[PDB]
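Visitor:
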Ligand SMILES: O=C(NCC1CCOCC1)[C@H](Nc1ccc2c(c1)CNC2)c1cc(Cl)cc2[nH]ncc12
């Protein structure tokens with residue numbers, strides 16, 4: 001059986017770790033909800 | 001517990017207590033990714049959550065009521081992933097999304113590498129609104145994971 005525990009509030013925190021890139025990818029979504037690169 | 005906020009999705013079927021995913025409780029409705037729960041009922045303390053809506057292709061599922069998240073990424077602003085990693089405290093990571101160009105239109109993409117058990121973590125806009133859920137995406141050349149910004153439809 002599965003269960004849930006609270007992890008926190010949903011708010012935007014100022015001065016948070018700013019990391020990550022913005023790639024532009026060509027992808028395909030199949031019938032099983034799976035993405036794959038084109 | 002029907003309290004608004006982000007939640008951990010846990011299981012006791014595997015070794016010890018394993019985190020399989022994450023979800024959002026808003027307006028008495030629990031939202032997560034289909035691949036996390038497979039549509040199975042959830043336990044919330046003494047209480048229980050039954051599924052209400054789901055779609056394998058959209059990889060989404062809502063519990064106790066219809067999908068409630070209607071905010072969308074504006075295509076310009078930086079967003080924040082509220083990542084809840086297994087065994088770790090919830091953490092806000094600010095990023096500028098990329099794009100998933102598909103045959104049916106474009107959708108935002110967050111390029112943040114996190115363990116599988118973090119699938120279902122909300123992506124937020126500057127007003128603190130949930131614009132989508134992280135955890136359905138693809139692995140690219142350098143082995144880095146790029147998730148889509150998965151959002152459902154609100155009636
Ligand atoms: O988005 C994902 N991509 C993996 C493949 C899942 C199926 O083929 C294409 C990519 C992972 N979740 C997932 C697992 C099964 C299914 C779905 C999504 C939706 N369909 C079924 C995941 C999510 C996260 Cl947060 C960190 C991760 N690291 N490695 C994997 C992975």
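Protein chains in written order, with our numbering: chain H, 1 to 38; chain E, 1 to 155.
The beta carbon of each residue, even a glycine, is placed where N, CA and C say it ideally should be.
(1) Would you list the one or two residues that DSSP bridges to residue 201 (chain E)?
(2) Tell me, please, which residues DSSP counts as bridged to residue 122 (chain E).
(3) Closer than 6 Å: is that where the CB of residue 136 (chain E) sits relative to any heavy atom of ligand 1?
(4) Looking at residue 21 (chain E) and residue 9 (chain E), is the spacing between their C-beta atoms short of 7 Å?
(5) Got a sec: which bits of the segment 6-18 of chain E sit with their beta carbon under 7 Å from any beta carbon on chain H, in order along the chain?
(6) Within the 7 Å Cβ cut-off, does residue 15 (chain H) reach chain E?
(7) Candidates E:121, E:97, E:139 and E:57: which alpha carbon is nearest residue 8 (chain H)'s?
(8) With a threshold of 16 other CB atoms inside 10 Å of the CB of residue 39 (chain E), please say whether the residue is buried or exposed.
(9) Quick check: is the beta carbon of residue 149 (chain E) nearer than 7 Å to any beta carbon in chain H?
(10) With distances taken between CB atoms, is the gap from residue 99 (chain E) to residue 148 (chain E) smaller than 7 Å?
(11) Kindly indicate which three-state DSSP category residue 36 (chain E) falls into: helix, strand or coil?
(12) Between the beta-carbon of residue 82 (chain E) and the beta-carbon of residue 6 (chain E), is there less than 7 Å?
(13) Could you tell me the alpha carbon to alpha carbon distance between residue 142 (chain E) and residue 26 (chain H), rounded to whole angstroms?
(14) Specify, as a first and last residue, the run of the beta strand (DSSP E) that residue 92 (chain E) falls within.
(15) Find the nearest neighbour of residue 133 (chain E) within the set E:50, E:16, E:62 and E:2, judged by alpha-carbon distance.
(16) Between residue 85 (chain E) and residue 115 (chain E), is the Cβ-Cβ spacing less than 7 Å?
Guide: In brief:
(1) Look at the range of chain E in this structure, 1 to 155, and you will see that residue 201 (chain E) is not part of it.
(2) According to DSSP, which records beta bridges pairwise, residue 122 (chain E) is partnered with E:133.
(3) Result yes, Cβ under 6 Å from ligand 1.
(4) A contact, by the Cβ cut-off of 7 Å.
(5) Listed in sequence order: 6, 7, 8, 9, 10, 11 and 12.
(6) With 7 Å as the cut-off, residue 15 (chain H) does not count as an interface residue toward chain E.
(7) When only C-alpha atoms are compared, the closest one is E:121.
(8) With fewer than 16 other Cβ atoms within 10 Å, it is exposed.
(9) Interface with chain H (7 Å Cβ-Cβ cutoff): residue 149 (chain E) is excluded.
(10) It is not a contact, given that the beta carbons lie outside the stated cut-off.
(11) Helix, per DSSP.
(12) Going by C-beta atoms, residue 82 (chain E) is nearer than 7 Å to residue 6 (chain E).
(13) Rounded to whole angstroms, the separation of the alpha carbons of residue 26 (chain H) and residue 142 (chain E) is 16 Å.
(14) Residues 91-95.
(15) Checking every option, the nearest Cα to that of residue 133 (chain E) belongs to E:62.
(16) In this structure, residue 85 (chain E) lies near residue 115 (chain E), with their beta-carbon atoms less than 7 Å apart.
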